[PDB]
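Below is one structure; the comments refer to it alone.
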Amino acid sequence: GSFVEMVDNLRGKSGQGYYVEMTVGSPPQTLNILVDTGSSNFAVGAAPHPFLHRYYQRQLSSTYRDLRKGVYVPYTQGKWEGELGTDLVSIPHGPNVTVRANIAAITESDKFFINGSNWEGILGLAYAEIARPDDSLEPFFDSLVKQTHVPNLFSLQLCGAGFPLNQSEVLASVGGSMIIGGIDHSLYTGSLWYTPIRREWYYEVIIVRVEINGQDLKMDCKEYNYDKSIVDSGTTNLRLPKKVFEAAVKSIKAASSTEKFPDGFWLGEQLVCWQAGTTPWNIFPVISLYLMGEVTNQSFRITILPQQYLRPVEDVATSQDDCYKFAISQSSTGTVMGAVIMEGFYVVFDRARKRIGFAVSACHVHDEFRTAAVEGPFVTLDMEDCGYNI
Ligand SMILES: CN1C(=N)N[C@](CCC2CCCCC2)(CC2CCCCC2)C1=O
C-alpha cells in the first residue's frame, strides 16, 4: 500500500453516504463532504440549516471569489440551490496540494442534508457534461488535475460494517478509503479487471450478462443498460431497470424460497429480522454482473453476496436481533451500481485510460463459505449491442 496518507480517510455508511474531510477558504474551513461519483458539482452548505452544525462562511475567506451566478439543481428525491464562486480547496488526508475550485454555496435545499450523516456538502466526481448549470463549470477533479501533478485517476474502497453502527460508532469507525491519484494495493485481493467507460458524463458502463446463483437471467442484454448503467457512490442501492428488477426479484425469491418474506421487504421498504447471529445467508443467492472487458469479445464478472445486498439496519426496537433491508430496487433511469454494490469491491476510476476497474475488496463482508469475486475472462459476443441508444 503506497498511499498510506489517504488510506482510511472515509467515514459513513451506505444509507447516509460516505464522506471525506475537506477544507475550503483562507484560513481553511473544515467540512465533511459526501463522495458522489454520480454528480459533478462541488456544493457545500453555506447558510444555517437544522441538520448542519457547521457551514461554509464566504465572508470569512480572503480567497473567496464571487461568480455572480446562481445554480438550481432539482433531482429525483429533492433539490439544492446556491450561489457560484471559487475558493482554495484542500483534502487534509489526500494529496498535499491546494487548488482553486468552483464551489456552489448552498443557500436553499429540500431533502438534501440528512440528519446525522455528519456531512455538510457533496463532491461530484463525474464529468463536466452533467455539471450544473452547464458543462462550463469545471468539476473539482478536473481542476485538481489541471492545476497539479496529480494523476487523472482516483479509487474508492467503501467499507460496509456488516452490522448497524449507532451514532457514536459511525463517527469513530473507518468507512473506507478514497485514494486520489492512484491505486493502493493493500485495499484489494486478487486481480483488477477493467470495463470501458462508455461515455464521459456519468461513469457509464455496459453490463452484458446477469446471473443469480449462476442461473442466467437470460434477458436481452440491452435491457440491463436501459437507458444507461452507471457506478454511483451517491446512491445506496443496486437499482435495476423495471423489467430487470422484476426478473431479478423473481429469481432471488425462488432461490431463497425456503423462507417467505413479505412484499414490503422485496419493495425495499420494510426490514426483516433474525435472532442474533442466525441470519440465513446461505439461503440467499449470489448475484453476478458481467461487464464488457477491454479486449474484443471478452467480459469479466463481479459477484456480490447477500452480505452486500442486504443492508444492516437497526431494529425499531433496538433489540438484539440482526435486521436488514433489501437493497435492490427498481429504476426508470437505468441501472445504478450504488454503494451497497461498491462495498464489495475496490473500484478504480481510471479517467486517464477511460476505464473502471474492479477487484475484491479487502473490507467486503462475507462468511466462511462464500466471498465476493471478480473473475475473468469470458468469451462474450456482440457486447456493443448491449448498450442503449435513445
Ligand atoms: C442519485 N444522486 C446522486 N448520486 N447525486 C445526486 C444528484 C445527481 C445529479 C446528476 C446530474 C444532474 C443533476 C443531479 C444528489 C444527491 C446525492 C446524495 C445526497 C442527496 C443528494 C442524486 O440525486
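Numbering of chain A is taken from Swiss-Prot, so the residues present carry the numbers 58-447, in order.
Header says: X-ray crystallography, 1.7 Å.
Note that Cβ sites are derived from N, Cα and C of the backbone, with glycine treated the same way.
What Swiss-Prot lists as active site is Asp93 (among others), and the listing cites sequence analysis. For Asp93 (active site), the Cβ neighbour count at a 10 Å cut-off comes to 23, with all displayed protein chains included.
The feature active site is assigned by Swiss-Prot to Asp289 (among others), with sequence analysis given as support. Annotation note: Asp289 (active site) sits in a coil segment as assigned by DSSP.
Annotation for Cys420 (disulfide bond): same-chain Cβ neighbours under 8 Å, separated by at least 6 residues, are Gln214, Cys216, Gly217, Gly233, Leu244, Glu400. The DSSP secondary structure for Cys420 (disulfide bond) is coil. The disulfide bond annotation in Swiss-Prot covers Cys216-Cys420 (among others) and rests on experimental evidence.
The disulfide bond annotation in Swiss-Prot covers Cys278-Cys443 (among others). Sequence-distant neighbours of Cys278 (disulfide bond) (same chain, 6+ apart, CB under 8 A from its CB) are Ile264, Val265, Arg266, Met440, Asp442, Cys443.
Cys330 (disulfide bond) has a Cβ environment of 17 other Cβ atoms inside 10 Å. Residues or ranges marked as disulfide bond in Swiss-Prot: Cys330-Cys380 (among others).
Feature annotation from Swiss-Prot assigns domain 'Peptidase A1' to 75-416.
Among the features that Swiss-Prot reports, N-linked glycosylation site is placed at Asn153 (among others), with the record citing sequence analysis. In sequence order, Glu62 constitute the residues six or more apart from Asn153 (N-linked glycosylation site) in its chain with CB-CB distances below 8 Å.
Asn172 (N-linked glycosylation site) is surrounded by 8 other CB atoms, counting those within 10 A of its CB over all protein chains shown. The N-linked glycosylation site annotation in Swiss-Prot covers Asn172 (among others) and is backed by sequence analysis.
According to Swiss-Prot, the N-linked glycosylation site annotation covers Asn223 (among others). Packing around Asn223 (N-linked glycosylation site) is summarised by its Cβ count: 9 other Cβ atoms lie within 10 angstroms of its Cβ, all protein chains included. According to DSSP, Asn223 (N-linked glycosylation site) is assigned to coil rather than to any helix or strand.
Remark: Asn354 (N-linked glycosylation site) has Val436, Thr437, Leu438, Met440 as non-local neighbours, by Cβ distance under 8 Å and separation of at least 6 in sequence. Marked as N-linked glycosylation site by Swiss-Prot: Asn354 (among others).
DSSP assigns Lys126 (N6-acetyllysine) to a strand. Marked as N6-acetyllysine by Swiss-Prot: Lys126 (among others).
Less than 8 angstroms from the CB of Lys275 (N6-acetyllysine) sits no same-chain residue that is six or more residues away. What Swiss-Prot records for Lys275 (among others) is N6-acetyllysine, and it gives experimental evidence as the kind of evidence.
Cβ neighbours within 10 Å of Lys279 (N6-acetyllysine), excluding its own Cβ and spanning all shown chains: 17. According to Swiss-Prot, the feature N6-acetyllysine maps to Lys279 (among others), an assignment based on experimental evidence.
If you look up Swiss-Prot, you'll see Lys285 (among others) marked as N6-acetyllysine, on the strength of experimental evidence. Using a 10 Å radius centred on the Cβ of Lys285 (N6-acetyllysine) and all shown protein chains, the other Cβ atoms total 21.
Other C-beta atoms found within 10 angstroms of the C-beta of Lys299 (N6-acetyllysine) number 12, with every protein chain shown included. Residues or ranges marked as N6-acetyllysine by Swiss-Prot on the basis of experimental evidence: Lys299 (among others).
Look at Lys300 (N6-acetyllysine): DSSP puts it in a helix. Residues annotated as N6-acetyllysine in Swiss-Prot: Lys300 (among others).
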Those recorded positions, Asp93, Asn153, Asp289, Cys420: which ones have a Cβ sitting under 6 Å from ligand 1? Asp93, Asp289
Would you mind pulling the DSSP three-state label for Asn153 (N-linked glycosylation site)? coil
How big is the Cα-to-Cα gap, in Å, between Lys279 (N6-acetyllysine) and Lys285 (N6-acetyllysine)? 9
Looking only at the recorded positions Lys126, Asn223, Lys285, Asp289, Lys307, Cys380 (disulfide bond) has its closest CA neighbour at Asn223
Which Cβ among the disulfide-bonded residues (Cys216, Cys380, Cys443) has the fewest C-beta neighbours inside 10 Å? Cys380
